[PDB]
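> only geometry, no sequence info:
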Ligand code: HEM
Ligand SMILES: [Cl-]
Ligand SMILES: [Cl-]
Ligand SMILES: [Cl-]
Ligand SMILES: [Cl-]
Ligand SMILES: [Cl-]
Ligand SMILES: [Cl-]
């Protein structure tokens with residue numbers, strides 16, 4: 001039996017400079033590590049089993065908000081409700097379904113790179129990574145392109161206020177404006193359904209309600225955009241400091257795919273998944289009572305050294321690339337195929353117009369830690 005609970009202060013983890021060092025510090029503390037109210041499960045055997053066991057490791061108990069909120073479709077649901085949502089949404093998010101959008105997404109990506117390439121410099125987060133996901137979101141779901149500025153502003157306000165009592169007056173107005181904006185859209189799509197996703201999920205044999213589509217739309221905006229922003233930054237960072245990799249990847253979709261898998265493996269934008277247990281569980285000989293809040297450490301598992309595909313290094317070769325940067329079990333990222341499509345498009349079109357570039361002088365990449373983001377703070381790039 002394990003009766004001595006390791007405890008760490010989250011804010012002291014050495015995470016700003018090198019995530020490998022940060023996750024190793026946590027993993028080496030033990031299979032179960034208590035930090036700031038949560039039990040972190042750090043080892044592959046436990047993390048993957050837990051992700052794969054929604055009955056025991058509940059998402060709803062960890063993620064259902066208080067009050068009477070918009071339903072967080074499907075993130076905050078357990079089976080059987082979760083299973084229905086995933087069955088309904090799966091066909092719209094498959095590689096084959098999303099591949100049909102590629103000409104449009106490529107055209108918009110090319111235009112975004114076009115405006116940057118002539119400058120010889122940029123700060124890649126503010127100037128591209130922060131803007132690109134919402135741009136493609138408007139394209140994918142048929143929203144007015146001129147609404148990008150205010151939609152990004154609403155998203156940023158809602159994300160920043162989520163973890164914080166005492167909401168600022170500006171914060172509540174932004175949340176209300178976003179809700180009103182999305183509500184009008186969803187109602188129009190129910191009355192006049194086009195061939196698009198948000199229309200089609202509201203009709204057919206098992207239609208979603210307007211409130212369900214509103215909750216889904218909110219979730220896609222809050223969970224599906226900044227995650228890709230973070231991955232764009234890490235993609236361009238690693239390319240900026242690896243000239244021969246840049247050369248190899250230009251016009252090389254097969255290897256760009258491999259590179260993107262490595263970026264998501266090594267710098268997963270959501271490196272832990274929260275759950276609450278529904279019955280006693282024993283992890284590493286330690287028994288946790290029912291109702292225990294746990295955080296499952298996917299990013300640590302991806303780096304645990306247990307095979308050649310799980311090291312702290314960027315590994316471009318090897319016949320197999322696999323990881324849990326998109327999660328695992330039934331909640332595995334609904335948008336994983338979209339994220340891959342968008343990231344590979346971005347890298348390819350960036351290298352087509354900006355094949356050679358470098359970090360600005362005396363720049364040392366860091367994330368803000370602790371914070372609500374595992375993205376780079378900034379990324380100053382130079383070329384020409
Ligand atoms: C590199 C980019 C991304 C990463 C690293 C990422 C990561 C993740 C992870 C780890 C989860 C599982 C959370 C959990 O188990 O509690 C998840 C779920 C989800 N993601 Fe992503 N994601 C990315 C992009 C996207 C995109 C582009 C979309 C859609 C536009 C999206 C939509 C969702 C949704 C709807 C869920 C909930 C699925 C469910 O609960 O069944 N994500 N994501
Ligand atoms: Cl909910
Ligand atoms: Cl300029
Ligand atoms: Cl797997
Ligand atoms: Cl490409
Ligand atoms: Cl500078
Ligand atoms: Cl900062």
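Now that the structure is in, tell me what you want to look at. Numbers count the residues shown, from 1 in each chain. Ligands and ions are numbered 1, 2, ... in the order given.
> what separates the residue in the chain that ligand 7 sits nearest to from residue 25, distance-wise?
Using CB to the ion, residue 368 is the residue of the chain that sits closest to ligand 7, at 3.9 Å. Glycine gets a C-beta too; all of them are placed from N, C-alpha and C. Look at residue 368 and residue 25: by CB to CB, to the nearest Å, they are 18 Å apart.
> hmm, back to that, what's the nearest residue to the residue of the chain closest to ligand 7 if we skip its chain neighbours?
residue 377 (5.5 Å; CB to CB, 6 or more residues apart in numbering).
> Same question for residue 310.
Nearest one to residue 310, counting by CB to CB, 6+ apart, is residue 304 at 5.4 Å.
> Count the neighbours of the one you found for me.
Neighbour count for residue 304, taken as other CB atoms under 10 Å: 18.
> Run a quick check on it versus residue 27, I expect a contact.
Yes - Residue 304 sits in contact with residue 27 when judged by CB atoms under 8 Å, with a separation of 6.5 Å.
> which neighbours do the two share?
Common neighbours of residue 304 and residue 27 (criterion: CB atoms under 8 Å, 6 or more residues apart in numbering): residue 43.
> coming back round to it: between residue 368 and residue 25, which one's more packed in?
residue 25 (16 against 13).
> Contacts for the host helix or strand of the more buried one next, please.
Using DSSP states H and E, residue 25 sits in helix 19-29. Helix 19-29 has contacts (CB under 8 Å, 6+ apart) with 6, 8, 13-15, 33, 40, 42-43, 266-267, 271, 297, 299-300, 303-304, 312, 367, 369, 374.
> is the closest residue to residue 50 other than its chain neighbours in a bridge, and if so with what?
Spatial nearest neighbour of residue 50, chain neighbours left out: residue 57 (4.4 Å); criterion: CB to CB, 6+ apart. Per DSSP bridges, the residues bridged to residue 57 are residue 277.
> Surely residue 341 touches residue 105?
Yes - in this structure residue 341 lies within contact range of residue 105 using CB under 8 Å: 6.9 Å.
> ok, the residue of the chain closest to ligand 7 touching residue 125?
No - contact criterion CB under 8 Å: residue 368 and residue 125 do not qualify, at 11.5 Å.
> can you list residues touching both of those two?
residue 377.
> Mind jotting down where the strands sit in the chain?
For the chain, the strands defined by DSSP state E cover 32-35, 38-41, 57-58, 121-123, 273-277, 281-283, 286-288, 293-296, 358-359, 380-382.
> What residues of the fifth one count as buried?
What that stands for is strand 273-277. Neighbour counts over strand 273-277 (16 or more other CB atoms under 10 Å) mark 273, 275-277 as buried.
> same question, stretch 117-131
For stretch 117-131, the neighbour count (16+ other CB under 10 Å) marks 117, 122, 124-125, 127-131 as buried.
> again with stretch 37-44
Under 16+ other CB under 10 Å, the buried positions of stretch 37-44 are 38-44.
> Which of those residues sits closest to ligand 2?
Of those, the one sitting nearest to ligand 2 (CB to the ion) turns out to be residue 38, at 20.0 Å.
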